[PDB]
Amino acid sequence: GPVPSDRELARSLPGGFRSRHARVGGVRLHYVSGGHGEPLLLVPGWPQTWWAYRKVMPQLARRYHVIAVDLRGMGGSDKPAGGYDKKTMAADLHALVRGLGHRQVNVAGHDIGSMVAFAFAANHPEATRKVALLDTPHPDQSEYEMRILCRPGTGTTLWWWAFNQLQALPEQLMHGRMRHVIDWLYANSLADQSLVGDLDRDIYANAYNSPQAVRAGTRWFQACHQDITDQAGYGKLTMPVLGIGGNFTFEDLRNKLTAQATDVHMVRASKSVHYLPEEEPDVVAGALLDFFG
């Protein structure tokens, strides 16, 4: 393989993490687990893998039994034809942790994984001790207000939200070329490019480089219309909620969570644009430790 296997990556971490799989509802999920204490489910997003949490997993494992998953369609997990709505991907994770003998878990999610974390809390409150959303709120009607063009100096264009709606073309252009996508994303977020090194970037590129892998990634985005419909039906979250927001999304995240939950806490990742677990790991680990207790 071009990059180290997940088994090797897992072993390279302090804290005795191990790479595993579990089959839930016919979908085989890959995850890495380790540490001792109450269960903590960590959910990554696009275009990343469980490896995105590499910087905070050892600190977290000191207090929690960490379970860092690859979503349906992601990394070492199966890439089925459908079920890429966040409600369904949340049910995967619910089945996973219940299968591992946990009645309720702490949950933290980032990017697409944050949407799943929120859907997890909304659909399975009894299995949700507390939930943390990193940067990304669940889709709602505001998604329909995203603009194609920004006036100069007024923000970053969310081009991938449009491009990933497409059939066929995304896998045709991006297969074998995902390192370029990853580099663009990081060029437009990281304050210092060395925050994510060459090999880690290639670990992600390897995960997404097959046509099937690119395609599965796009399904997360194409499911937005369904996600928005589902969001309208959700009741208010009553368990403790944490929002950690970067400089660009903090206010929006605060507004949406406060309207969607009764018990909200906010932490500002003041030096981050989007990739919180990689941009400010100590702030993220500390916030999660403080919040989950």
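In this text, residue numbers run from 1 along the sequence as written.
**Prompt:** In the PDB record, does 182-190 or 130-138 carry the higher mean Cα temperature factor?
**Reply:** Here the higher of the two C-alpha B-factor means belongs to 130-138.
**Prompt:** Got a sec? Mean C-alpha B-factor, which is higher, 219-227 or 118-126?
**Reply:** Mean B over CA atoms: larger for 118-126.
**Item:** Among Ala95, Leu195, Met174, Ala213 - the residue whose C-alpha B-factor is largest in the record
**Value:** If I rank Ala95, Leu195, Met174, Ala213 by C-alpha B-factor, first place goes to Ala95.
**Request:** Rank-wise, by C-alpha B-factor, drop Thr156 into the lowest, middle or highest third of its chain.
**Result:** Highest third, going by the recorded CA B-factors of the chain.
**Asked** What third of the chain, by the recorded C-alpha B-factor, contains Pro44?
**Response** Ranked within chain, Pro44 CA B lands in the lowest tercile.
**Request:** Select lowest, middle or highest to describe the third in which the CA B-factor of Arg54 falls within its chain in this entry.
**Result:** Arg54: CA B-factor falls in the lowest third of its chain.
**Item:** Third assignment of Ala90 from its chain's C-alpha B-factors
**Value:** It falls in the middle third of the chain.
**Message:** Going by the CA temperature factor in the PDB record, which third of the chain does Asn206 belong to: lowest, middle or highest?
**Reply:** Lowest third - that is where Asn206 ends up once the chain's C-alpha B-factors are sorted.
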